[PDB]
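**Student:** Below you'll find the structure I mean.
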Amino acid sequence: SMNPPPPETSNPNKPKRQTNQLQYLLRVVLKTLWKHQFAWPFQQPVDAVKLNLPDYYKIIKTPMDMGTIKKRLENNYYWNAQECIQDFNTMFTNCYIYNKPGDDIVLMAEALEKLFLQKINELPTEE
Ligand SMILES: Cc1cc2c(-c3ccco3)cnc(N[C@@H]3CCN(C)C[C@H]3C(=O)NC3CCCCC3)c2[nH]c1=O
């Protein structure tokens, strides 16, 4: 029971939608970040057990990762792009909170966040 349940990636009670913005988030934004050399620690929930970070889920109570975001986008979990943008920002913020300055995971998150902001800068207008 050492790791928490992951964030939900489906919910039969949550209304679902496709928008051009959510298609762009999957096809352009997530695709760009996912194949980056720094993506791999962010491609699934933090395994606090295997990594021996027992305080991770004592400190981080709103976990998020690109594995979860990928499944949410694939499952049409989101109603709008802003929900998905908030998930990316949660993932980056958690990294900046939990880790100390000089930690390479912070420099990796900063590089992914810079690329994230470049890609969402041209988020297309809603059709
Ligand atoms: C999201 C997340 C993941 C993560 C992972 C990981 C690796 C595979 C999956 O997850 C490892 N270590 C972390 N923190 C380290 C804590 C100890 N300091 C000294 C170095 C810290 C550090 O910078 N570690 C990195 C991990 C990636 C390779 C370079 C070293 C992580 N912190 C995070 O917020």
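Neighbour counts are summed over all protein chains in view; Cβ atoms, including those assigned to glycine, are modelled from backbone coordinates with ideal geometry. Each value in this text was obtained by applying a stated rule to the coordinates, not by laboratory testing.
**Student:** Would you please list the contacts, defined by Cβ atoms under 7 Å and residues six or more apart or on different chains, that run from a residue in the stretch 91-113 that is of a type in the set (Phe, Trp, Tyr) to a residue that is assigned to a helix (DSSP H, G or I)?
**Tutor:** Partner pairs satisfying both residue conditions: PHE92/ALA109; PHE92/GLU113; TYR96/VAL106; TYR96/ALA109; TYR98/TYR56; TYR98/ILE59.
**Student:** Of a type in the set (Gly, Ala, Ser) and assigned to a helix (DSSP H, G or I), is that true of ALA48? Reasoning before the result, please.
**Tutor:** Details: of a type in the set (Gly, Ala, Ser): yes; assigned to a helix (DSSP H, G or I): no.
Against the criterion (of a type in the set (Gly, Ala, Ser) and assigned to a helix (DSSP H, G or I)), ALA48 does not qualify.
**Student:** More than 19 Å from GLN44 (Cβ to Cβ) and either among the small types (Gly, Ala, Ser) or touching a residue at least 24 places away in the same chain (Cβ under 8 Å) (or both): does that describe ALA81? Let's see the steps before the verdict.
**Tutor:** On the way: more than 19 Å from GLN44 (Cβ to Cβ): yes; either among the small types (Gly, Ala, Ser) or touching a residue at least 24 places away in the same chain (Cβ under 8 Å) (or both): yes.
Considered against the rule, which asks whether it is more than 19 Å from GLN44 (Cβ to Cβ) and either among the small types (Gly, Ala, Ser) or touching a residue at least 24 places away in the same chain (Cβ under 8 Å) (or both), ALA81 comes out as yes.
**Student:** Looking for whichever is closer than 21 Å to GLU127 by Cα and either surrounded by fewer than 18 Cβ atoms within 10 Å (Cβ to Cβ) or out of contact with any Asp or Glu (no Cβ under 6 Å at 6 or more places or on another chain) (or both) here; the options are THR90, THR19. Which one fits?
**Tutor:** On the way: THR90 fails: closer than 21 Å to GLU127 by Cα.
Result: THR19 is the single residue among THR90, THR19 that is closer than 21 Å to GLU127 by Cα and either surrounded by fewer than 18 Cβ atoms within 10 Å (Cβ to Cβ) or out of contact with any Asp or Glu (no Cβ under 6 Å at 6 or more places or on another chain) (or both).
**Student:** Looking for whichever is within 16 Å of the ligand (Cβ to nearest atom) and either under 13 Å from the mean Cα position of the chain (by Cα) or on the phi > 0 side of the Ramachandran plot (or both) here; the options are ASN89, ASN76. Which one fits? First the steps, then the outcome.
**Tutor:** On the way: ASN76 fails: within 16 Å of the ligand (Cβ to nearest atom).
None of the others qualify; the one that does is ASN89.
**Student:** Are any residues in the stretch 32-44 more than 9 Å from the ligand (Cβ to nearest atom) and touching a helix residue (DSSP H, G or I) at 6+ places or on another chain (Cβ under 7 Å), and if so, which ones?
**Tutor:** Quick first cut of the stretch 32-44, residues more than 9 Å from the ligand (Cβ to nearest atom) only: 32-37, 39.
Residues satisfying the conditions are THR32, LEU33, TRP34, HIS36, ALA39.
**Student:** Looking at (1) of a type in the set (A, V, I, L, M, F, W, C); (2) in a helix (DSSP H, G or I); (3) within 18 Å of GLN118 (Cα to Cα), which is the only condition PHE38 fails?
**Tutor:** Of (1) of a type in the set (A, V, I, L, M, F, W, C); (2) in a helix (DSSP H, G or I); (3) within 18 Å of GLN118 (Cα to Cα), only one is false for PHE38: (2).
**Student:** Next up: Which condition does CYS95 not pass, out of (1) surrounded by fewer than 17 Cβ atoms within 10 Å (Cβ to Cβ); (2) among the hydrophobic types (A, V, I, L, M, F, W, C); (3) not in a loop (DSSP other than H, G, I, E, B), if it passes all the others?
**Tutor:** Status for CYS95: all satisfied but (1).
**Student:** Within the stretch 92-127, track down each residue that is of a type in the set (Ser, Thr, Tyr) and either closer than 17 Å to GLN37 by Cβ or within 11 Å of the ligand (Cβ to nearest atom) (or both). Write out each step before concluding.
**Tutor:** Quick first cut of the stretch 92-127, residues of a type in the set (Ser, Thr, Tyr) only: 93, 96, 98, 125.
Scanning the stretch 92-127 gives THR93, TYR96, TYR98.
**Student:** Separate question: Do you know which residues across the stretch 52-61 are away from the ligand (no atom under 13 Å from the Cβ) and either part of a loop (DSSP other than H, G, I, E, B) or of a type in the set (A, V, I, L, M) (or both)?
**Tutor:** Listed by number, the list holds a single entry, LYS61.
**Student:** Here is a follow-up. With the condition kept exactly as written, say whether any residue in the stretch 15-32 is outside any helix (DSSP H, G or I), under 22 Å from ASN94 (Cα atoms) and not hydrophobic (A, V, I, L, M, F, W, C). Before the answer, list the steps.
**Tutor:** Filtering the stretch 15-32 down to residues outside any helix (DSSP H, G or I) leaves 15-19.
Next, only the ones that are under 22 Å from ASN94 (Cα atoms) stay: none.
No, there is no match, as no residue in the stretch 15-32 is outside any helix (DSSP H, G or I), under 22 Å from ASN94 (Cα atoms) and not hydrophobic (A, V, I, L, M, F, W, C).
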